[PDB]
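Next up, work_31.cif (mmCIF, N, CA, C and O atoms):
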data_upload
loop_
_atom_site.label_atom_id
_atom_site.label_comp_id
_atom_site.auth_asym_id
_atom_site.auth_seq_id
_atom_site.Cartn_x
_atom_site.Cartn_y
_atom_site.Cartn_z
N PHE A 1 0.83 -1.19 0.00
CA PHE A 1 0.00 0.00 0.00
C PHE A 1 0.86 1.24 0.00
O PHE A 1 0.38 2.36 0.15
N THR A 2 2.16 1.03 -0.18
CA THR A 2 2.96 2.08 -0.78
C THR A 2 2.31 2.54 -2.06
O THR A 2 2.46 3.70 -2.46
N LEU A 3 1.60 1.63 -2.74
CA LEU A 3 0.70 2.02 -3.82
C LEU A 3 -0.19 3.18 -3.41
O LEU A 3 -0.33 4.15 -4.15
N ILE A 4 -0.82 3.08 -2.23
CA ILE A 4 -1.53 4.25 -1.73
C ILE A 4 -0.58 5.43 -1.69
O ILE A 4 -0.78 6.42 -2.39
N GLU A 5 0.49 5.30 -0.90
CA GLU A 5 1.54 6.30 -0.90
C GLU A 5 1.87 6.75 -2.31
O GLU A 5 1.95 7.95 -2.60
N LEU A 6 2.02 5.80 -3.23
CA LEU A 6 2.11 6.14 -4.64
C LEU A 6 0.87 6.89 -5.10
O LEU A 6 0.94 8.06 -5.49
N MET A 7 -0.28 6.23 -5.04
CA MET A 7 -1.50 6.87 -5.49
C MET A 7 -1.75 8.16 -4.72
O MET A 7 -2.32 9.10 -5.27
N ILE A 8 -1.29 8.24 -3.47
CA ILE A 8 -1.22 9.52 -2.79
C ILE A 8 -0.41 10.51 -3.62
O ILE A 8 -0.91 11.56 -4.03
N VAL A 9 0.86 10.17 -3.85
CA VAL A 9 1.69 11.02 -4.69
C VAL A 9 0.99 11.28 -6.00
O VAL A 9 1.00 12.40 -6.53
N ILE A 10 0.34 10.26 -6.55
CA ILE A 10 -0.54 10.49 -7.68
C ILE A 10 -1.66 11.45 -7.28
O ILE A 10 -1.87 12.49 -7.91
N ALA A 11 -2.37 11.11 -6.20
CA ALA A 11 -3.51 11.91 -5.78
C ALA A 11 -3.11 13.36 -5.57
O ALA A 11 -3.76 14.28 -6.09
N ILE A 12 -2.04 13.60 -4.81
CA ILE A 12 -1.63 14.98 -4.57
C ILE A 12 -1.22 15.64 -5.87
O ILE A 12 -1.47 16.83 -6.09
N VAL A 13 -0.61 14.87 -6.77
CA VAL A 13 -0.46 15.34 -8.14
C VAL A 13 -1.81 15.43 -8.81
O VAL A 13 -2.04 16.32 -9.64
N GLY A 14 -2.72 14.53 -8.44
CA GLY A 14 -4.05 14.51 -9.01
C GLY A 14 -4.72 15.87 -8.96
O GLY A 14 -5.21 16.37 -9.97
N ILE A 15 -4.74 16.47 -7.77
CA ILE A 15 -5.36 17.78 -7.59
C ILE A 15 -4.30 18.87 -7.46
O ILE A 15 -4.47 19.84 -6.72
N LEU A 16 -3.19 18.71 -8.18
CA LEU A 16 -2.10 19.67 -8.14
C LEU A 16 -1.96 20.40 -9.48
O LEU A 16 -1.42 21.50 -9.54
N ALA A 17 -2.45 19.78 -10.54
CA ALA A 17 -2.37 20.36 -11.88
C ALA A 17 -3.70 21.01 -12.27
O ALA A 17 -4.05 21.04 -13.45
N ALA A 18 -4.42 21.51 -11.28
CA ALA A 18 -5.70 22.15 -11.52
C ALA A 18 -5.99 23.26 -10.53
O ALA A 18 -5.90 23.05 -9.32
N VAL A 19 -6.30 24.45 -11.06
CA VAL A 19 -6.62 25.66 -10.28
C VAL A 19 -5.50 26.25 -9.41
O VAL A 19 -5.75 27.07 -8.53
N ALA A 20 -4.26 25.87 -9.70
CA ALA A 20 -3.11 26.36 -8.94
C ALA A 20 -2.40 27.49 -9.69
O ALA A 20 -1.19 27.68 -9.54
N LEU A 21 -3.16 28.23 -10.49
CA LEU A 21 -2.60 29.34 -11.26
C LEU A 21 -3.53 30.55 -11.23
O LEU A 21 -4.46 30.65 -12.02
N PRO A 22 -3.26 31.47 -10.30
CA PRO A 22 -4.07 32.68 -10.16
C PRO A 22 -3.76 33.67 -11.27
O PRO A 22 -2.68 33.64 -11.84
N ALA A 23 -4.73 34.51 -11.62
CA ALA A 23 -4.48 35.89 -12.01
C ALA A 23 -3.43 36.15 -13.08
O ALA A 23 -2.97 37.28 -13.20
N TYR A 24 -3.02 35.15 -13.86
CA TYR A 24 -2.00 35.46 -14.85
C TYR A 24 -2.61 36.00 -16.13
O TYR A 24 -2.04 36.89 -16.77
N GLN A 25 -3.77 35.48 -16.53
CA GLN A 25 -4.53 36.16 -17.56
C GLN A 25 -4.87 37.56 -17.08
O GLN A 25 -4.96 38.50 -17.87
N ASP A 26 -5.02 37.71 -15.76
CA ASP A 26 -5.10 39.01 -15.13
C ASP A 26 -3.81 39.80 -15.32
O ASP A 26 -3.85 41.00 -15.61
N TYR A 27 -2.66 39.16 -15.15
CA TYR A 27 -1.41 39.91 -15.13
C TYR A 27 -1.00 40.36 -16.53
O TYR A 27 -0.79 41.56 -16.76
N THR A 28 -0.88 39.41 -17.46
CA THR A 28 -0.58 39.76 -18.85
C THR A 28 -1.38 40.97 -19.28
O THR A 28 -0.84 41.91 -19.87
N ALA A 29 -2.67 40.96 -18.94
CA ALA A 29 -3.54 42.08 -19.22
C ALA A 29 -2.88 43.41 -18.89
O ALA A 29 -2.76 44.27 -19.76
N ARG A 30 -2.45 43.56 -17.64
CA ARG A 30 -1.83 44.81 -17.20
C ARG A 30 -0.86 45.33 -18.24
O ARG A 30 -1.05 46.41 -18.80
N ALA A 31 0.16 44.54 -18.55
CA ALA A 31 1.10 44.94 -19.59
C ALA A 31 0.40 45.08 -20.93
O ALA A 31 0.50 46.13 -21.59
N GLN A 32 -0.32 44.04 -21.34
CA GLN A 32 -1.15 44.12 -22.54
C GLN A 32 -1.99 45.39 -22.53
O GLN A 32 -2.02 46.12 -23.53
N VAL A 33 -2.64 45.68 -21.41
CA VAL A 33 -3.19 47.02 -21.20
C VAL A 33 -2.10 48.06 -21.32
O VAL A 33 -2.15 48.96 -22.17
N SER A 34 -1.07 47.95 -20.48
CA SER A 34 -0.08 49.01 -20.37
C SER A 34 0.56 49.31 -21.71
O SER A 34 0.93 50.46 -21.98
N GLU A 35 0.70 48.30 -22.56
CA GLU A 35 1.08 48.55 -23.95
C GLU A 35 0.25 49.66 -24.54
O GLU A 35 0.78 50.63 -25.09
N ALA A 36 -1.08 49.55 -24.42
CA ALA A 36 -1.95 50.61 -24.91
C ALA A 36 -1.62 51.94 -24.25
O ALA A 36 -1.67 52.98 -24.91
N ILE A 37 -1.25 51.92 -22.97
CA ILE A 37 -0.91 53.17 -22.29
C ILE A 37 0.26 53.84 -22.98
O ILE A 37 0.36 55.07 -23.02
N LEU A 38 1.14 53.05 -23.58
CA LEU A 38 2.42 53.57 -24.03
C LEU A 38 2.27 54.56 -25.18
O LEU A 38 3.21 55.30 -25.48
N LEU A 39 1.10 54.60 -25.82
CA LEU A 39 1.06 55.17 -27.15
C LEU A 39 0.57 56.62 -27.14
O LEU A 39 1.29 57.52 -27.59
N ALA A 40 -0.64 56.86 -26.63
CA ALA A 40 -1.24 58.20 -26.65
C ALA A 40 -0.45 59.21 -25.86
O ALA A 40 -0.78 60.40 -25.89
N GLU A 41 0.57 58.75 -25.14
CA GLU A 41 1.42 59.62 -24.34
C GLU A 41 1.88 60.84 -25.14
O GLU A 41 1.76 61.97 -24.67
N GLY A 42 2.40 60.62 -26.34
CA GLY A 42 2.90 61.73 -27.13
C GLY A 42 1.83 62.75 -27.47
O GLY A 42 2.13 63.93 -27.63
N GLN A 43 0.58 62.30 -27.58
CA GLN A 43 -0.50 63.22 -27.91
C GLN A 43 -0.60 64.35 -26.89
O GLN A 43 -0.98 65.47 -27.23
N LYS A 44 -0.25 64.05 -25.64
CA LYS A 44 -0.30 65.02 -24.55
C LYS A 44 0.35 66.34 -24.90
O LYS A 44 -0.06 67.39 -24.38
N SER A 45 1.36 66.33 -25.76
CA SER A 45 2.10 67.54 -26.08
C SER A 45 1.23 68.58 -26.75
O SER A 45 0.95 69.63 -26.16
N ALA A 46 0.77 68.29 -27.97
CA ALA A 46 -0.06 69.26 -28.68
C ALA A 46 -1.32 69.55 -27.89
O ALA A 46 -1.80 70.69 -27.86
N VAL A 47 -1.86 68.52 -27.23
CA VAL A 47 -2.92 68.72 -26.25
C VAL A 47 -2.53 69.82 -25.28
O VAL A 47 -3.24 70.82 -25.11
N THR A 48 -1.38 69.65 -24.63
CA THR A 48 -0.85 70.73 -23.81
C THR A 48 -0.65 71.98 -24.64
O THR A 48 -1.18 73.04 -24.32
N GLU A 49 0.09 71.86 -25.75
CA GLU A 49 0.34 72.99 -26.63
C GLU A 49 -0.93 73.72 -26.98
O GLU A 49 -1.01 74.95 -26.90
N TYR A 50 -1.95 72.97 -27.40
CA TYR A 50 -3.26 73.56 -27.62
C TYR A 50 -3.71 74.29 -26.37
O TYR A 50 -4.05 75.48 -26.41
N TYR A 51 -3.68 73.60 -25.23
CA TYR A 51 -3.94 74.28 -23.97
C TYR A 51 -2.88 75.33 -23.71
O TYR A 51 -3.16 76.38 -23.12
N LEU A 52 -1.66 75.08 -24.16
CA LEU A 52 -0.57 76.00 -23.93
C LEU A 52 -0.76 77.25 -24.75
O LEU A 52 -0.81 78.36 -24.21
N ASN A 53 -0.86 77.08 -26.07
CA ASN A 53 -1.23 78.17 -26.94
C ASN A 53 -2.47 78.88 -26.41
O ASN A 53 -2.42 80.06 -26.03
N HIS A 54 -3.58 78.16 -26.32
CA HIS A 54 -4.89 78.78 -26.16
C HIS A 54 -5.19 79.12 -24.71
O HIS A 54 -5.75 80.18 -24.42
N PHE B 1 -7.16 -68.25 23.97
CA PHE B 1 -7.88 -67.01 24.16
C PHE B 1 -6.95 -65.83 24.00
O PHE B 1 -7.31 -64.69 24.27
N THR B 2 -5.73 -66.11 23.57
CA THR B 2 -5.00 -65.10 22.83
C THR B 2 -5.86 -64.56 21.72
O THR B 2 -5.71 -63.40 21.32
N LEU B 3 -6.75 -65.40 21.18
CA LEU B 3 -7.82 -64.92 20.31
C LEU B 3 -8.53 -63.72 20.91
O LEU B 3 -8.75 -62.71 20.23
N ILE B 4 -8.92 -63.81 22.19
CA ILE B 4 -9.43 -62.61 22.85
C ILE B 4 -8.41 -61.50 22.72
O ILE B 4 -8.67 -60.48 22.08
N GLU B 5 -7.21 -61.73 23.27
CA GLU B 5 -6.11 -60.79 23.08
C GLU B 5 -6.04 -60.33 21.63
O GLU B 5 -5.93 -59.13 21.36
N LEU B 6 -6.15 -61.26 20.69
CA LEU B 6 -6.31 -60.87 19.30
C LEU B 6 -7.56 -60.03 19.11
O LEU B 6 -7.49 -58.86 18.73
N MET B 7 -8.72 -60.62 19.39
CA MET B 7 -9.96 -59.88 19.21
C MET B 7 -9.96 -58.60 20.03
O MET B 7 -10.56 -57.61 19.62
N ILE B 8 -9.25 -58.60 21.16
CA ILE B 8 -8.95 -57.34 21.84
C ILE B 8 -8.27 -56.38 20.88
O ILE B 8 -8.76 -55.29 20.60
N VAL B 9 -7.10 -56.79 20.39
CA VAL B 9 -6.39 -55.98 19.42
C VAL B 9 -7.31 -55.63 18.27
O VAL B 9 -7.33 -54.50 17.78
N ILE B 10 -8.13 -56.59 17.86
CA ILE B 10 -9.20 -56.26 16.93
C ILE B 10 -10.15 -55.25 17.56
O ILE B 10 -10.41 -54.18 17.01
N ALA B 11 -10.65 -55.58 18.76
CA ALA B 11 -11.62 -54.71 19.41
C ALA B 11 -11.09 -53.30 19.56
O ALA B 11 -11.76 -52.33 19.20
N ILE B 12 -9.88 -53.16 20.10
CA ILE B 12 -9.33 -51.82 20.28
C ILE B 12 -9.14 -51.15 18.93
O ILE B 12 -9.34 -49.94 18.78
N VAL B 13 -8.78 -51.93 17.91
CA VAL B 13 -8.87 -51.42 16.55
C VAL B 13 -10.32 -51.22 16.17
O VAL B 13 -10.65 -50.30 15.41
N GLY B 14 -11.19 -52.07 16.69
CA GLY B 14 -12.61 -51.98 16.41
C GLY B 14 -13.16 -50.59 16.61
O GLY B 14 -13.80 -50.02 15.73
N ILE B 15 -12.90 -50.02 17.79
CA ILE B 15 -13.37 -48.68 18.12
C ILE B 15 -12.23 -47.67 18.05
O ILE B 15 -12.19 -46.72 18.83
N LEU B 16 -11.31 -47.88 17.12
CA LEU B 16 -10.17 -46.99 16.95
C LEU B 16 -10.24 -46.23 15.63
O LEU B 16 -9.65 -45.17 15.48
N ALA B 17 -10.98 -46.79 14.67
CA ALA B 17 -11.13 -46.17 13.36
C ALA B 17 -12.46 -45.43 13.25
O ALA B 17 -13.04 -45.33 12.17
N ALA B 18 -12.93 -44.90 14.38
CA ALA B 18 -14.19 -44.18 14.41
C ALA B 18 -14.19 -43.08 15.46
O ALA B 18 -13.88 -43.33 16.62
N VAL B 19 -14.52 -41.86 15.03
CA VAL B 19 -14.59 -40.66 15.87
C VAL B 19 -13.28 -40.17 16.51
O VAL B 19 -13.28 -39.36 17.44
N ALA B 20 -12.15 -40.62 15.97
CA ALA B 20 -10.84 -40.23 16.49
C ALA B 20 -10.22 -39.13 15.64
O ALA B 20 -8.99 -39.03 15.54
N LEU B 21 -11.06 -38.31 15.02
CA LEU B 21 -10.60 -37.22 14.17
C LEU B 21 -11.40 -35.95 14.41
O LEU B 21 -12.47 -35.76 13.82
N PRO B 22 -10.89 -35.08 15.28
CA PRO B 22 -11.57 -33.83 15.60
C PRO B 22 -11.42 -32.82 14.47
O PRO B 22 -10.48 -32.91 13.69
N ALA B 23 -12.38 -31.91 14.34
CA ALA B 23 -12.11 -30.53 13.93
C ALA B 23 -11.29 -30.32 12.68
O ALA B 23 -10.78 -29.22 12.49
N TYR B 24 -11.11 -31.31 11.82
CA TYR B 24 -10.28 -31.04 10.65
C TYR B 24 -11.10 -30.42 9.52
O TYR B 24 -10.61 -29.55 8.80
N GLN B 25 -12.36 -30.86 9.36
CA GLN B 25 -13.25 -30.09 8.51
C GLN B 25 -13.39 -28.69 9.08
O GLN B 25 -13.57 -27.72 8.33
N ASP B 26 -13.26 -28.57 10.40
CA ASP B 26 -13.12 -27.29 11.06
C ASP B 26 -11.84 -26.57 10.63
O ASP B 26 -11.86 -25.36 10.37
N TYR B 27 -10.73 -27.30 10.55
CA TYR B 27 -9.45 -26.63 10.32
C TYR B 27 -9.30 -26.16 8.89
O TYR B 27 -9.05 -24.97 8.64
N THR B 28 -9.44 -27.09 7.93
CA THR B 28 -9.40 -26.72 6.52
C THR B 28 -10.18 -25.45 6.28
O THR B 28 -9.70 -24.53 5.61
N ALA B 29 -11.37 -25.38 6.86
CA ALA B 29 -12.20 -24.19 6.80
C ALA B 29 -11.39 -22.93 7.01
O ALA B 29 -11.38 -22.04 6.15
N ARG B 30 -10.71 -22.84 8.15
CA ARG B 30 -9.93 -21.65 8.48
C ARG B 30 -9.15 -21.16 7.27
O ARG B 30 -9.37 -20.05 6.78
N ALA B 31 -8.27 -22.01 6.74
CA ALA B 31 -7.53 -21.65 5.54
C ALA B 31 -8.48 -21.41 4.38
O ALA B 31 -8.44 -20.35 3.73
N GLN B 32 -9.34 -22.39 4.10
CA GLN B 32 -10.38 -22.22 3.10
C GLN B 32 -11.10 -20.90 3.29
O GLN B 32 -11.28 -20.13 2.34
N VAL B 33 -11.49 -20.59 4.53
CA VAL B 33 -11.90 -19.23 4.87
C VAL B 33 -10.78 -18.26 4.54
O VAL B 33 -10.94 -17.34 3.74
N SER B 34 -9.62 -18.47 5.17
CA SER B 34 -8.55 -17.48 5.09
C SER B 34 -8.17 -17.18 3.65
O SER B 34 -7.78 -16.05 3.34
N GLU B 35 -8.28 -18.17 2.77
CA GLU B 35 -8.16 -17.90 1.35
C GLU B 35 -9.02 -16.72 0.95
O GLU B 35 -8.54 -15.76 0.33
N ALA B 36 -10.30 -16.75 1.34
CA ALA B 36 -11.17 -15.62 1.05
C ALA B 36 -10.62 -14.33 1.65
O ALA B 36 -10.73 -13.27 1.03
N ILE B 37 -10.01 -14.41 2.84
CA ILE B 37 -9.45 -13.22 3.46
C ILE B 37 -8.40 -12.60 2.55
O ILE B 37 -8.23 -11.38 2.52
N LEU B 38 -7.72 -13.43 1.77
CA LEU B 38 -6.52 -12.98 1.08
C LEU B 38 -6.83 -11.95 0.01
O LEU B 38 -5.92 -11.26 -0.46
N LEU B 39 -8.09 -11.81 -0.38
CA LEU B 39 -8.36 -11.19 -1.67
C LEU B 39 -8.73 -9.72 -1.54
O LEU B 39 -8.05 -8.85 -2.10
N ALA B 40 -9.80 -9.41 -0.79
CA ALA B 40 -10.29 -8.04 -0.66
C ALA B 40 -9.28 -7.10 -0.03
O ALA B 40 -9.53 -5.89 0.03
N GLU B 41 -8.18 -7.65 0.47
CA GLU B 41 -7.12 -6.87 1.09
C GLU B 41 -6.75 -5.66 0.24
O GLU B 41 -6.69 -4.53 0.74
N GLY B 42 -6.50 -5.88 -1.05
CA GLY B 42 -6.09 -4.78 -1.90
C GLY B 42 -7.12 -3.68 -2.00
O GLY B 42 -6.78 -2.51 -2.19
N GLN B 43 -8.40 -4.04 -1.87
CA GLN B 43 -9.46 -3.04 -1.96
C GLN B 43 -9.27 -1.95 -0.92
O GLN B 43 -9.64 -0.79 -1.15
N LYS B 44 -8.70 -2.30 0.24
CA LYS B 44 -8.47 -1.37 1.33
C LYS B 44 -7.81 -0.08 0.88
O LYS B 44 -8.03 0.97 1.49
N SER B 45 -7.00 -0.13 -0.17
CA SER B 45 -6.25 1.04 -0.61
C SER B 45 -7.16 2.16 -1.07
O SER B 45 -7.24 3.20 -0.42
N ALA B 46 -7.87 1.94 -2.17
CA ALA B 46 -8.76 2.97 -2.69
C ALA B 46 -9.81 3.33 -1.65
O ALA B 46 -10.19 4.49 -1.51
N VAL B 47 -10.28 2.32 -0.92
CA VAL B 47 -11.11 2.56 0.25
C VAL B 47 -10.45 3.59 1.15
O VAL B 47 -11.04 4.63 1.47
N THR B 48 -9.21 3.33 1.55
CA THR B 48 -8.45 4.34 2.26
C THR B 48 -8.34 5.60 1.43
O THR B 48 -8.71 6.69 1.87
N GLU B 49 -7.85 5.47 0.20
CA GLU B 49 -7.69 6.61 -0.70
C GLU B 49 -8.95 7.43 -0.78
O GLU B 49 -8.92 8.66 -0.66
N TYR B 50 -10.08 6.76 -0.99
CA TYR B 50 -11.37 7.44 -0.93
C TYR B 50 -11.50 8.17 0.40
O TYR B 50 -11.76 9.37 0.44
N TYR B 51 -11.30 7.44 1.49
CA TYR B 51 -11.25 8.09 2.79
C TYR B 51 -10.09 9.06 2.86
O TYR B 51 -10.17 10.11 3.51
N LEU B 52 -9.01 8.75 2.16
CA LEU B 52 -7.83 9.59 2.18
C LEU B 52 -8.09 10.88 1.44
O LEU B 52 -7.95 11.97 2.00
N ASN B 53 -8.46 10.74 0.17
CA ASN B 53 -8.92 11.89 -0.59
C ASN B 53 -9.98 12.66 0.19
O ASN B 53 -9.77 13.82 0.57
N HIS B 54 -11.10 12.01 0.49
CA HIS B 54 -12.30 12.71 0.92
C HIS B 54 -12.27 13.02 2.40
O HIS B 54 -12.69 14.11 2.82
#

Target encoding structure tokens, full file:
Amino acid sequence: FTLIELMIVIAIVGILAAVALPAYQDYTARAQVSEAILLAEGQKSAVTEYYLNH
Amino acid sequence: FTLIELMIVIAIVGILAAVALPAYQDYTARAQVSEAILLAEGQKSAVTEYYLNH
């Protein structure tokens, strides 16, 4: 019944390859989001300039 | 009447080949039983595992 011990090791592996990964589709998003942040930044200038001029 | 002595030896043999065997149909049983014991033993594992898991 080391087999159990085995099947234990199996069992603990059994419920070890499921739901043990939080928030990574969450995390990639941030950067994937933040990528979008990277772009309109330059627009701020003429926006300011417009506000600056006007 | 050594014949008696003979028939004695006969007589003691007479009631010697009857009822002088205890419990052997009793004994074989144990093993014959115990044979049955030998089998479900392995079931205990998943039984445990089930209890172990759950």

Could you jot down the atom C of residue B:41 to atom O of residue A:3 separation for me, Å, one decimal place? 12.5 Å

Could you pull out all residues of chain B with a DSSP call of alpha helix (DSSP H) and give them as a PyMOL selection string? chain B and resi 2-14+24-40+44-53

Carefully work through the PyMOL selection byres ((chain A) within 8 of (chain B)) for this structure and note down the residues it includes, as a list in words. residues 1, 3, 4, 5, 7, 8 and 11 of chain A

By how many Å are atom O of residue B:24 and atom CA of residue B:39 apart? 21.3 Å

Two-atom distance - atom C of residue B:34, atom O of residue B:22 (Å):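 About the pair atom C of residue B:34 and atom O of residue B:22: they are 18.8 Å apart.
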